[PDB]
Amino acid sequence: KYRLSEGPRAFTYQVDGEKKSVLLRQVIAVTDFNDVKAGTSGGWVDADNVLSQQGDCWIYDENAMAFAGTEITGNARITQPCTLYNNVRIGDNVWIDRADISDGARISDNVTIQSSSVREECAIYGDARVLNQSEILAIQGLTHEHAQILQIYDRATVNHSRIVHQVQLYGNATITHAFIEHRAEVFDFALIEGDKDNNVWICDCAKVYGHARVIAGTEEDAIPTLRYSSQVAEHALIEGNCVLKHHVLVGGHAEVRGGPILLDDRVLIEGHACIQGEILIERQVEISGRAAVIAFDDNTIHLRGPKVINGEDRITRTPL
């Protein structure tokens, strides 16, 4: 229960290289509902219909804007200067701390968005916490499977990352400093960790999902890059400058790191396989025992294949 201001006021809100302006009216309480006391003014709404007259949902900051088809229902909270405009949907125990929800975005259950941006039609609904300069942007998605709308929905944690097209985030996944885009998926106790020097690139259809850890290195451009159908699958550990290509899966208690590493065609690392240095594994190779393949430094090992590496195979030089 609140009332709309008597007089409007223009407001500006950034978009794509423009300075749009909208006539909003200030929201003002009337009775005490939750933690808002009767008489205190909150945010400025486009036209009562956005801020449901029911529930506890409320816009606290006197700068916050909600003006397109946006509808804030339930007990959702809007704490600081935010801007949700365009059939935006928020309405449960959702909490927006200082972000911007733009186009057809639906935030639900107990999700949390803080100082981040959610743009188009996507759905964030678990207990997902999207925060710290993150940028969610579900825009394209040509010819594949029907509007597989971009989803983040369980206990997924996105920190300073830019999730794009139709990506899915959902286990107890932890994503930090990375770029996930097309239809990639990360979703169990998966771990994505970039840093101030290198991000993490999960691209096409790739997926990360065991207790898998895809961490970035500190060397220049040490950017773990998952490119196609690839996937890190169990207790696997990928670190540093690596790029897993087409039909590639790393999954066991495998560990990959060090110099320029590339995996292509049909490759599998799955035992206690240890791979370090600049290695170029490319064809139908399998590495999965207690085997180790280590390229010292100015060296470079190149495993073409088909071939198997599983016993205490100690490779430290390219086959010939």
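From 1 onward, residues are counted along the sequence shown.
The deposited model assigns a higher average Cα B-factor to 13-21 than to the other stretch when 13-21 and 300-308 are compared. Averaged over Cα atoms, the B-factor as recorded in the entry is higher for 25-33 than for the other of 258-266 and 25-33.
Each of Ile275, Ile287, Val50, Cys57 has a CA temperature factor in the record; the biggest one is found at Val50. Comparing C-alpha B-factors across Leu142, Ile113, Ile175, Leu249 in the deposited entry, the largest value falls on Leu142.
When the modelled residues of the chain are ordered by their C-alpha B factor, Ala236 lands in the lowest third. In this PDB entry, the Cα temperature factor of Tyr228 sits in the middle third of its chain's modelled residues. Sort the modelled residues of the chain by CA B factor and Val45 lands in the highest third. Looking at the C-alpha B-factors along this chain, the one for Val158 belongs to the lowest third.
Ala38: CA B factor lies in the highest third for its chain, per the PDB record.
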